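Containing compact mmCIF, C-alpha atoms: work.txt.
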# COMPACT_ATOMS: atom_id res chain seq x y z
CA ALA A 1 56.97 -55.26 -40.87
CA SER A 2 59.15 -53.68 -43.55
CA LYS A 3 59.81 -50.40 -45.43
CA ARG A 4 61.00 -47.89 -42.79
CA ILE A 5 63.05 -48.94 -39.78
CA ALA A 6 64.58 -46.14 -37.68
CA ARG A 7 67.77 -46.22 -39.80
CA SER A 8 66.08 -44.37 -42.67
CA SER A 9 66.75 -40.63 -42.76
CA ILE A 10 66.87 -38.24 -45.71
CA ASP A 11 69.73 -35.80 -46.32
CA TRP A 12 68.90 -32.87 -44.04
CA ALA A 13 71.98 -30.91 -45.14
CA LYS A 14 70.87 -30.36 -48.74
CA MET A 15 67.32 -29.65 -47.56
CA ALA A 16 68.56 -27.09 -45.03
CA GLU A 17 70.65 -25.36 -47.70
CA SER A 18 67.68 -25.26 -50.09
CA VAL A 19 65.14 -23.54 -47.82
CA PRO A 20 65.39 -19.72 -47.37
CA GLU A 21 65.68 -20.05 -43.56
CA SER A 22 63.07 -17.88 -41.82
CA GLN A 23 61.18 -17.44 -45.10
CA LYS A 24 60.46 -21.17 -44.79
CA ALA A 25 60.63 -21.28 -40.99
CA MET A 26 57.91 -23.95 -41.05
CA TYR A 27 60.76 -26.30 -42.02
CA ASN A 28 62.27 -25.47 -38.64
CA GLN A 29 58.92 -26.55 -37.21
CA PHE A 30 58.73 -29.50 -39.63
CA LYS A 31 62.14 -30.89 -38.68
CA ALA A 32 61.37 -30.71 -34.96
CA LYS A 33 57.91 -32.17 -35.60
CA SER A 34 59.50 -35.04 -37.53
CA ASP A 35 62.13 -35.31 -34.79
CA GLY A 36 59.37 -35.78 -32.22
CA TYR A 37 58.05 -38.73 -34.20
CA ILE A 38 61.62 -40.03 -34.30
CA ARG A 39 61.45 -39.96 -30.48
CA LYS A 40 58.36 -42.16 -30.77
CA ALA A 41 60.33 -44.17 -33.34
CA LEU A 42 63.18 -44.39 -30.81
CA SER A 43 60.92 -46.35 -28.47
CA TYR A 44 59.19 -49.65 -29.31
CA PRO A 45 61.48 -51.44 -31.79
CA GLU A 46 60.26 -54.20 -34.10
CA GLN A 47 60.60 -57.19 -31.80
CA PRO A 48 59.18 -56.97 -28.26
CA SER A 49 60.93 -58.05 -25.08
CA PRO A 50 61.49 -61.83 -25.00
CA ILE A 51 59.83 -63.76 -22.17
CA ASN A 52 61.29 -66.93 -20.65
CA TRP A 53 58.22 -69.16 -20.72
CA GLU A 54 60.05 -72.14 -19.21
CA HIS A 55 60.59 -70.36 -15.88
CA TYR A 56 56.85 -69.78 -15.49
CA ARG A 57 56.12 -73.35 -16.64
CA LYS A 58 58.30 -74.81 -13.88
CA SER A 59 57.30 -72.33 -11.15
CA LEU A 60 53.55 -72.71 -11.71
CA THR A 61 52.14 -76.00 -10.42
CA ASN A 62 49.99 -76.52 -13.53
CA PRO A 63 51.83 -75.24 -16.64
CA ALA A 64 48.88 -75.99 -18.96
CA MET A 65 47.72 -72.37 -18.71
CA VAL A 66 51.22 -71.18 -19.64
CA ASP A 67 51.20 -73.48 -22.67
CA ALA A 68 47.77 -72.15 -23.68
CA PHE A 69 49.02 -68.57 -23.27
CA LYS A 70 52.12 -69.32 -25.34
CA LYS A 71 50.05 -71.03 -28.05
CA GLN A 72 47.63 -68.09 -28.20
CA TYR A 73 50.53 -65.60 -28.26
CA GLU A 74 52.09 -67.42 -31.22
CA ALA A 75 48.71 -67.67 -32.96
CA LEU A 76 47.94 -63.95 -32.51
CA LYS A 77 50.71 -62.30 -34.56
CA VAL A 78 49.12 -59.19 -36.05
CA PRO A 79 51.06 -57.53 -38.91
CA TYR A 80 51.45 -53.85 -39.77
CA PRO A 81 48.41 -51.58 -40.29
CA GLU A 82 47.42 -49.92 -43.58
CA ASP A 83 48.78 -46.70 -45.07
CA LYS A 84 46.04 -44.06 -45.14
CA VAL A 85 46.98 -40.86 -46.97
CA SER A 86 49.81 -42.11 -49.17
CA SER A 87 47.68 -41.39 -52.25
CA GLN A 88 47.20 -37.78 -51.13
CA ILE A 89 50.97 -37.37 -50.88
CA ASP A 90 51.25 -38.98 -54.32
CA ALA A 91 48.62 -36.57 -55.65
CA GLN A 92 50.47 -33.59 -54.17
CA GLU A 93 53.70 -35.06 -55.54
CA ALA A 94 52.29 -34.83 -59.07
CA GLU A 95 51.09 -31.30 -58.30
CA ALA A 96 54.56 -30.49 -56.98
CA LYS A 97 56.09 -31.78 -60.23
CA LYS A 98 53.82 -29.46 -62.22
CA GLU A 99 54.84 -26.56 -59.97
CA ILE A 100 58.46 -27.68 -60.35
CA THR A 101 58.18 -27.52 -64.14
CA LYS A 102 56.31 -24.21 -64.04
CA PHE A 103 58.87 -22.59 -61.74
CA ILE A 104 61.78 -24.01 -63.73
CA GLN A 105 60.65 -22.62 -67.09
CA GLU A 106 59.80 -19.23 -65.58
CA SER A 107 63.24 -19.05 -63.97
CA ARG A 108 64.76 -20.07 -67.30
CA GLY A 109 62.88 -17.20 -68.93
CA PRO B 8 63.35 51.67 -84.81
CA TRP B 9 62.33 50.54 -81.32
CA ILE B 10 60.07 47.77 -82.66
CA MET B 11 62.87 45.99 -84.52
CA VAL B 12 65.23 46.30 -81.54
CA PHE B 13 62.54 44.95 -79.20
CA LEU B 14 61.83 41.97 -81.45
CA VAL B 15 65.51 41.00 -81.70
CA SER B 16 65.97 41.26 -77.92
CA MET B 17 62.88 39.13 -77.27
CA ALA B 18 63.95 36.60 -79.91
CA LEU B 19 67.37 36.49 -78.26
CA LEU B 20 65.72 35.98 -74.86
CA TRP B 21 63.76 33.07 -76.30
CA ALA B 22 66.91 31.58 -77.82
CA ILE B 23 68.85 31.89 -74.56
CA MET B 24 65.91 30.36 -72.68
CA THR B 25 65.84 27.33 -74.97
CA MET B 26 69.61 26.88 -74.66
CA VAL B 27 69.31 26.93 -70.87
CA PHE B 28 66.48 24.38 -71.04
CA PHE B 29 68.66 21.74 -72.69
CA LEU B 30 71.74 22.72 -70.66
CA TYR B 31 71.86 19.82 -68.22
CA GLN B 32 73.65 16.59 -67.36
CA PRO B 33 71.65 13.36 -67.66
CA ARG B 34 72.52 10.60 -65.22
CA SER B 35 71.81 6.87 -64.97
CA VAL B 36 71.65 6.07 -61.26
CA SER B 37 69.27 3.09 -61.43
CA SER B 38 71.36 0.00 -60.70
CA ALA B 39 70.13 -3.59 -60.22
CA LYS B 40 69.75 -3.26 -56.43
CA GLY B 41 65.98 -3.69 -56.71
CA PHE B 42 66.53 -6.81 -58.83
CA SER B 43 68.25 -8.40 -55.82
CA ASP B 44 65.07 -7.90 -53.76
CA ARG B 45 62.87 -9.87 -56.21
CA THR B 46 63.99 -13.34 -55.06
CA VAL B 47 61.03 -15.49 -56.10
CA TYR B 48 60.96 -18.64 -53.98
CA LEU B 49 58.67 -21.65 -54.13
CA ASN B 50 56.18 -22.27 -51.36
CA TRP B 51 56.90 -25.69 -49.86
CA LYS B 52 54.15 -28.31 -49.63
CA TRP B 53 54.23 -28.79 -45.86
Now, as a test, write the supplied structure out as structure tokens.
Amino acid sequence: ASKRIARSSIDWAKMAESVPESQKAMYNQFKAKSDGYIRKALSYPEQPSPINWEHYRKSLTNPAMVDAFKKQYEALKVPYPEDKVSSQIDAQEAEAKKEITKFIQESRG
Amino acid sequence: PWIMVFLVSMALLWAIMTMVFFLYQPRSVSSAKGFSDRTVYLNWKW
């Protein structure tokens, strides 16, 4: 419902300059793998296709079933699901920070 | 006095041999080319 619409995209240019190319060729796999999920993110935007309920109300002889369907559609409005492994990324983020500090001080030495 | 002449000649031969042993040109041909091959790079958390 929030957080990440398709507009969000990190700076690939700085990331591409940082990696040692074929030494980190999994980034070349990672970008295409993330790009494939962008293709899934290309389809199915937030809102669905609107439906003209009044046309089916007038065309059908008894529009009570259309009103019941519209009422149930408005009642059933499920929100977003739950994030699963965000804590694991957060845990590896803290481990990355420790490896960042360790690599920084060794390079300083 | 063959013994004294022999000793001087052998002592000379030892002295020439030592002078030859240090007669050389040291060189320093170890540049930092191998230092350029030690690029330590962080493994990325994929």
For this session: Could you jot down the CA of residue 20 (chain A) to CA of residue 51 (chain B) separation for me, Å, one decimal place?
Result: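 Taking CA of residue 20 (chain A) and CA of residue 51 (chain B), their separation equals 10.7 Å.
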Go through chain B and flag each residue having an atom no more than 10 Å from chain A; for those, report the closest pair of atoms plus their distance in Å to one decimal, using all atoms listed in the file, ordered by chain and rising number, as a Markdown table.
| residue | atom | partner | partner_atom | distance |
| --- | --- | --- | --- | --- |
| B:47 | CA | A:107 | CA | 8.9 |
| B:48 | CA | A:20 | CA | 8.0 |
| B:49 | CA | A:103 | CA | 7.7 |
| B:50 | CA | A:24 | CA | 7.9 |
| B:51 | CA | A:24 | CA | 7.7 |
| B:52 | CA | A:96 | CA | 7.7 |
| B:53 | CA | A:30 | CA | 7.7 |
Go ahead and write the selection's residues with C-alpha atoms as a CSV table (one decimal), in the frame of the given file.
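The result, stored in out.csv:
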chain,number,residue,atom,x,y,z
B,47,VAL,CA,61.0,-15.5,-56.1
B,48,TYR,CA,61.0,-18.6,-54.0
B,49,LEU,CA,58.7,-21.6,-54.1
B,50,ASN,CA,56.2,-22.3,-51.4
B,51,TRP,CA,56.9,-25.7,-49.9
B,52,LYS,CA,54.2,-28.3,-49.6
B,53,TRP,CA,54.2,-28.8,-45.9
For this session: Please identify all polymer residues within 12 Å of residue 45 (chain A), counting only C-alpha atoms, omitting same-chain residues fewer than 6 positions from it, and present them as a list in words.
Result: residues 1, 4, 5, 6, 7, 38 and 39 of chain A
For this session: Using CA of residue 51 (chain A) and CA of residue 69 (chain A) as the two end points, give the distance in Å to one decimal.
Result: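 Those two atoms sit 11.9 Å apart.
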Exercise. What is the distance, in Å and to one decimal place, between CA of residue 31 (chain A) and CA of residue 43 (chain A)?
Worked result: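 It comes out at 18.6 Å.
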